[PDB]
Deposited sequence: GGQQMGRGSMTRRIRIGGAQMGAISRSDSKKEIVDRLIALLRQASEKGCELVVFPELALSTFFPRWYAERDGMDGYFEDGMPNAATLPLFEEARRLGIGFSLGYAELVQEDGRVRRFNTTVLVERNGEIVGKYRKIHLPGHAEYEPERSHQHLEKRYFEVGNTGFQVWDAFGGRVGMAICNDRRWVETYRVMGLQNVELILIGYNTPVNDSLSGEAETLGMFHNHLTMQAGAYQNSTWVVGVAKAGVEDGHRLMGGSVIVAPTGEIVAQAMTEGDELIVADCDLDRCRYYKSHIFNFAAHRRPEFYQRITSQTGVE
């Protein structure tokens, strides 16, 4: 029990435009309470867990500020922070961050990581923005996240938290090998990823799920780290979001997986010393990195 933590993945069901924010927060607390009762010490919530997935709707570039969080915590979210601290449970929470930095207003897709004592460990701002900047008439559903958020300015950080090394990424970050590699090069042992993944109706749903798990399982094994992937899933205002929340061991094995598209808690005991094990041995076999052969990864953006 030296560096073991019981982790709950708090998958969420659909949030519609018609849901009250008070009732959204109530659902987060209910999941946080179930996690407490199951002995969890850390709870992972989805990306943008405090609203409907509004990137699917067309509006002015600043016409979505009503979904964003004034502060963190603010009046709407303070009940969740207070319940978590009272229960002695840490969490990571995704939200849409509105902030005044260098005079102007900035918009970030953000996850904040809060420790068992209720102190904010840190904050990751989404690097890889999916979707498009403008209405796309040939699409069945819009994805306009690019139109409403700026590229984050935190980098992929890894913090001393929960007895180990903990990092965060957001949604489609999880398809870029660089996302996990950057944090593995900082000795990450637990990566927390909330996501909203639109599903295209009619199959290719199974291939989407395959790719969802494939990228996280490979990130976990190839950087000898735990990976928690938590969905906001289900049908929001006619738009299906993918389920498939998982907790993944540094072996790349899935050790817990959601079975619904609704609010659902998955639990696993995560031994962080298992990450140290695979990273390096006294009699080991893994060659060392040869970055002199990797320069294209930072010297170009697209293909040659």
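For this chain, the deposited residues without C-alpha positions form the stretches 1-9, 212-214, given in sequence order.
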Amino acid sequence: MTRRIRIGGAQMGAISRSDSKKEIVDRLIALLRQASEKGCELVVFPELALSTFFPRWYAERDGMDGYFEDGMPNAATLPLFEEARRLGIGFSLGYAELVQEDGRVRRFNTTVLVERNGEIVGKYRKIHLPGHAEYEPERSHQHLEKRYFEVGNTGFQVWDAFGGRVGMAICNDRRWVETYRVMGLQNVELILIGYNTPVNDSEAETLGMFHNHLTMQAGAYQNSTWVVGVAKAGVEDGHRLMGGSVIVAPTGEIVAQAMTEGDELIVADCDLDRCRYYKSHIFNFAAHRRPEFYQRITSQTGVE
From here on, numbers count along this sequence of modelled residues.
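With 60-68 and 250-258 compared on mean CA B-factor from the PDB entry, the stretch scoring higher is 60-68. Mean CA temperature factor is higher for 130-138 when stretches 214-222 and 130-138 are set side by side in the entry.
In this structure the maximum Cα B-factor among 105, 191, 182, 230 is found at 105. Out of 169, 177, 166, 204, it is 204 whose C-alpha atom has the highest B-factor in the PDB entry.
Ranked within its chain, residue 83 lands in the highest third, by CA B factor from the PDB record. Placement of the Cα temperature factor of residue 47 within the chain: lowest third of the modelled residues, per the deposited record.
In the PDB entry, residue 150 places in the middle third of its chain by CA B-factor.
Annotation for residue 298: CA B-factor lies in the middle third of the chain's modelled residues. In this PDB entry, the Cα temperature factor of residue 100 sits in the top third of its chain's modelled residues, the highest group.
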